[PDB]
Each structure stands twice: as structure tokens, then as C-alpha cells.
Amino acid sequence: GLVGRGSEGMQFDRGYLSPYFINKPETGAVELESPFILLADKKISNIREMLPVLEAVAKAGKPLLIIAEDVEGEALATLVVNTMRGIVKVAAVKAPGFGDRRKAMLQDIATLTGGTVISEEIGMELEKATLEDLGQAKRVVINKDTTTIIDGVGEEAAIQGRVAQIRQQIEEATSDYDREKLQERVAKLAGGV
């Protein structure tokens, strides 16, 4: 099953949470150059937990892609109004998958991009997130159905280590279904380098 080409980015089947993020109307897509990337494993709905990071990226002068369980209510509303006013170049999408796998893929993305997942179970506060926790990529492209992360800035050794972790998980898998879902994570990681 050789792939006769180089990587084409890490792509997952989640699209923009608002059409007002679209900055490339020709292709109905959001294209962000050198974006910061926020990874959170919970639903973001309060403006309170969104402003700190927003002011941070606004200060650095960089676009931001937010990947969380979901982004809605006042939080989403604040992202939309500020993006339309041109104060920040943001886009929000739901994290891929569900359950434990959703969490594992959020970590795949964090590792690929040099970011840190803002994890609810361990007590991490979104309002306490800093630029250091944000991941980065050369570019991201989001349309109605997908999100593509191009050239994540993660440490090469860390990314290779994550692939090795998944490889071991595959050997320990008990079904072709599980093995293919694990292999899917490997292919996505390989696509983002």
C-alpha cells in the first residue's frame, strides 16, 4: 500500500464551527498562515476561558486554530465577532473522534505541533493557558468538512516516539478494527511532518 507522494498534512474529518471564519470564499475554506493551535479536551462555551488566550495571540500577532470537544455559546460568539472585526484571525473545529480515542488524538496533534493539551481531568484551566501551551504549524486549512494541519513544528524525536507508541499498541491490539484505527493515527501523524 505504498503512497507515491510526500505527506499532504494531517487531516481529520471536522470542519469550521462557523462560516464566518472563512477567509477564502472561492473554496469555502479558512486558510491560516503560521497559526498557533489550542488543544482542549472539554467543551468551550464561556467567554471567560477564551479571552486570556485570545489576548495572547492578538499580542503575538498570529492566527489561532482552536480544537476542542466543541466550541459554542458565548465563547463561539466572541470568536466570531472578533474575527469579523479583524482583531484576530481565528477558526474553531471539534476535536476528531470520541471517547478515549478523542483524547489520544488530541495528544497526537499536540505532539505533532509542539503544544500541550489543556486537560480537564488533571485540573488544567483554559483561562490559565499561555503561548507555551499552544501548538504551531506552517499552515492550516479548514473547510466545511475537514481540517488539515501542514508541517507541525513538533520535536522530531517526540513525533517519532509517538509513532513508536502507536506501533506497539498495534501489536497489542485484539481486532483488525482496533488495528486499523491505530494505523489511522499513524498515517495522520506521518501526514503532518
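Numbering starts at 1 and follows the sequence shown. Here the rigid core means the biggest group of C-alpha atoms that line up within 1.5 Å when the two forms are laid on top of each other.
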Exercise. Would you mind working out which of 105 to 113 and 69 to 77 sits farther from this form in 4 other deposited structures of this protein by RMS C-alpha distance, with the rigid core as the fit?
Key: 69 to 77
Exercise. Consider 95 to 103 and 115 to 123 separately and indicate which one has Cα atoms farther, on average, from the shown form in 4 other deposited structures of this protein after rigid core alignment.
Key: 115 to 123
Exercise. Give the stretch, out of 41 to 49 and 141 to 149, with the larger mean C-alpha temperature factor in the deposited entry.
Key: 41 to 49
Self-check item: Segment of higher mean CA temperature factor, 76 to 84 or 105 to 113
Solution: 76 to 84
Quiz prompt | Out of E156, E69, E127, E31, residue topping the C-alpha B-factor column of the entry | solution = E127
Practice problem: Quick one: which of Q183, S18, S175, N23 shows the highest Cα temperature factor in the PDB entry? | Solution: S175
Quiz item: Against its chain's modelled residues, does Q136's Cα B factor rank lowest, middle or highest third?
Solution: lowest
Quiz item: Comparing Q160 with the other modelled residues of its chain, is its CA B-factor in the lowest, middle or highest third?
Solution: middle
Quiz item: What third of the chain, by the recorded C-alpha B-factor, contains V93?
Solution: lowest
